[PDB]
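Novice: Take this structure first; my questions come after.
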Amino acid sequence: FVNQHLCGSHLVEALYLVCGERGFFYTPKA
Amino acid sequence: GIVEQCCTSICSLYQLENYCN
């Protein structure tokens, strides 16, 4: 699921699944 | 940023993990 165009909720979902208990930062303006 | 690398273009696991804490 990671190797495609990922926008919005799709991108946030991928970060969530990939990063697991680490969590992540989602910075669309940076 | 992430939008340019994963939304406007195809994402990769390598790049996604750069955003994990």
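How things are named: the first chain in the structure tokens is A, the next is B, and so on; residues count from 1 in each chain; ligands count from 1 in the order shown.
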Using DSSP on the backbone, list every residue of chain A that comes out as alpha helix (DSSP H), and give them as an NGL selection string.
Specialist: :A and (9-19)
Novice: Would you kindly return, as a VMD selection string, each protein, DNA or RNA residue with an atom no farther than 6 Å from any atom of stretch 10-23 of chain A, considering only C-alpha atoms and excluding same-chain residues fewer than 4 positions away?
Specialist: (chain A and resid 6) or (chain B and resid 20 to 21)
Novice: Which residue is closest to chain B? Choose from A:24, A:1, A:8, A:29 and count only C-alpha atoms.
Specialist: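 Going through A:24, A:1, A:8, A:29 one by one, the smallest distance to chain B is for A:24.
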Novice: Hey, can you check how far atom CA of residue A:30 sits from atom CA of residue B:13?
Specialist: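 It comes out at 19.2 Å.
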Novice: If we count only C-alpha atoms and set the cut-off at 10 Å, which residues sit around residue B:15, ignoring sequence neighbours fewer than 3 positions away in its own chain? Please answer as a PDB file with C-alpha atoms, in the first residue's frame.
Specialist:
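Written output follows (out.pdb):
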```
ATOM      1  CA  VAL A   2       2.981   2.307   0.435  1.00  0.00           C
TER       2      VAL A   2
ATOM      3  CA  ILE B   2       5.784  14.949   2.239  1.00  0.00           C
ATOM      4  CA  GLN B   5       7.130  13.322  -2.342  1.00  0.00           C
ATOM      5  CA  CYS B   6       4.174  10.991  -1.614  1.00  0.00           C
ATOM      6  CA  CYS B  11       5.428   7.293  -2.126  1.00  0.00           C
ATOM      7  CA  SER B  12       8.062   4.911  -0.780  1.00  0.00           C
ATOM      8  CA  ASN B  18      11.539   9.665   7.606  1.00  0.00           C
ATOM      9  CA  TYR B  19       8.361  10.997   9.222  1.00  0.00           C
ATOM     10  CA  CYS B  20       8.118   8.503  12.093  1.00  0.00           C
TER      11      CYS B  20
END
```
